[PDB]
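In what follows, a single structure is set out as structure tokens and then discussed.
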Amino acid sequence: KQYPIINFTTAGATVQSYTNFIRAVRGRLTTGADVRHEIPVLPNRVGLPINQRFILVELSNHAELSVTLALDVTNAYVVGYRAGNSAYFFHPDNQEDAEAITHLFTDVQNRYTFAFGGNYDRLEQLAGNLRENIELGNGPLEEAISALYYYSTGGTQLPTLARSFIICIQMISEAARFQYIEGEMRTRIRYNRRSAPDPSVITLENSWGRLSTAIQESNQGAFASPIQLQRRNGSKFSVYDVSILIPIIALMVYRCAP
Ligand SMILES: Nc1nc(=O)c2ncc(C(=O)O)nc2[nH]1
């Protein structure tokens with residue numbers, strides 16, 4: 001009757017504490033009973049009961065502020081958030097999703113649905129910057145938490161709210177989806193660095209649906225046609241088999257098997 005909550009703080013964050021956080025997120029996103037070619041699948045949206053539909057990620061910072069994100073277990077998407085007495089949700093893509101989000105944060109005094117949706121393309125337009133120009137790392141996360149916290153009081157400008165959602169989505173949902181992206185965030189934390197995601201990260205994020213489909217329709221792991229990804233330097237290279245992606249992709253959106 002209460003969605004599971006996973007907590008993380010940027011205060012004193014370490015490689016280990018962030019690893020533990022991502023590990024716990026993945027364990028609440030899916031039971032891992034459905035696995036294809038060794039890669040776990042998230043639950044199928046079709047028929048999933050509303051009491052199993054979301055998980056909550058509570059984020060706190062050194063500035064002593066806390067916000068709670070809500071993630072959809074079917075796709076790990078961030079659907080909205082709460083900060084004390086206000087909660088905000090991206091505009092839903094359909095009436096069923098609009099109904100499902102009514103079961104989030106039910107006791108909050110003030111609820112709002114943004115005019116805009118939450119996909120990267122729309123967020124980047126609102127932010128005035130692409131993912132490739134938005135730094136990630138503990139420093140960015142601590143600032144995003146504060147920016148989300150102050151939004152209900154009028155203190156946070158919309159382009160900074162959208163930048164702050166882009167940071168959270170990549171450092172939580174994308175890291176859950178891809179060990180490679182989790183590793184990129186671990187490296188930033190290890191060296192107290194803040195830097196934008198390189199093309200390898202961006203193209204993996206953009207490819208998640210396509211890779212979920214290609215792995216799940218594969219012939220014993222062999223892709224039906226090669227998929228082009230980007231190296232760190234922006235060069236394209238082909239992948240032909242799920243085997244090379246085992247240490248890279250952690251979760252997939254559901255597809256029916258062949
Ligand atoms: N809100 C949100 N949560 C996500 O996990 C997410 N992940 C991917 C994309 C995207 O490809 O455009 N947008 C997202 N937006």
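Every heavy atom of this structure was used, including side-chain atoms; hydrogens, water molecules and symmetry mates were not. First listed ligand is number 1; within each ligand, the first listed atom is number 1. Along the sequence shown, the residues carry numbers beginning at 1.
Here's the thing with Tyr120: one of its N/O atoms is less than 3.5 angstrom from an N/O atom of ligand 1. Between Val78 and ligand 1, at least one N/O pair is under 3.5 Å apart. The distance criterion of under 3.5 Å between nitrogen or oxygen atoms is not met by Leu123 with respect to ligand 1.
Considering every non-hydrogen atom in both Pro4 and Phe54, the closest pair reads CD-O, 3.8 Å. Across all their heavy atoms, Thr102 and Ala98 have their closest contact at CG2-O, 3.5 Å.
Against a heavy-atom cut-off of under 4.0 Å, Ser173 is close to the following atoms of ligand 1: 5 (O). Those atoms of ligand 1 with a heavy atom of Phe90 less than 4.0 angstrom away are 1 (N). For ligand 1, the atoms closer than 4.0 angstrom to any heavy atom of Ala76 are 5 (O).
For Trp208, no heavy-atom contact with ligand 1 is shorter than 4.0 Å. Proximity of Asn119 to ligand 1, defined as any heavy-atom pair under 4.0 Å, is shared by backbone and side chain alike.
When each of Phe165, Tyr120, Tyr77, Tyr81 is tested with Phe90 by the rule ring pair (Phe, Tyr, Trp, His ring centres under 6.0 Å), just one qualifies, namely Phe165.
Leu104 is listed as a side-chain neighbour of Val79, based on a closest heavy-atom distance under 4.5 Å. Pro199 is not listed as a side-chain neighbour of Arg232, based on a closest heavy-atom distance of 4.5 Å or more. Contact check for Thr19 versus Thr14: no side-chain heavy atoms found under the 4.5 Å cut-off.
Annotation: atom 15 (N) of ligand 1 to nearest protein heavy atom, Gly118 O, 2.7 Å. Scanning the protein heavy atoms around atom 14 (C) of ligand 1, the nearest turns out to be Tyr77 CE2, 3.5 Å.
Centroid-to-centroid, the aromatic rings of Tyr112 and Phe89 stay 6.0 Å apart or farther.
Residue contacts with ligand 1 include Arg177, since one or more of its heavy atoms lies under 4.0 Å from the ligand.
Checked for salt-bridge contact, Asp97 and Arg53 meet the test: a charged N lies under 4.0 Å from a carboxylate O.
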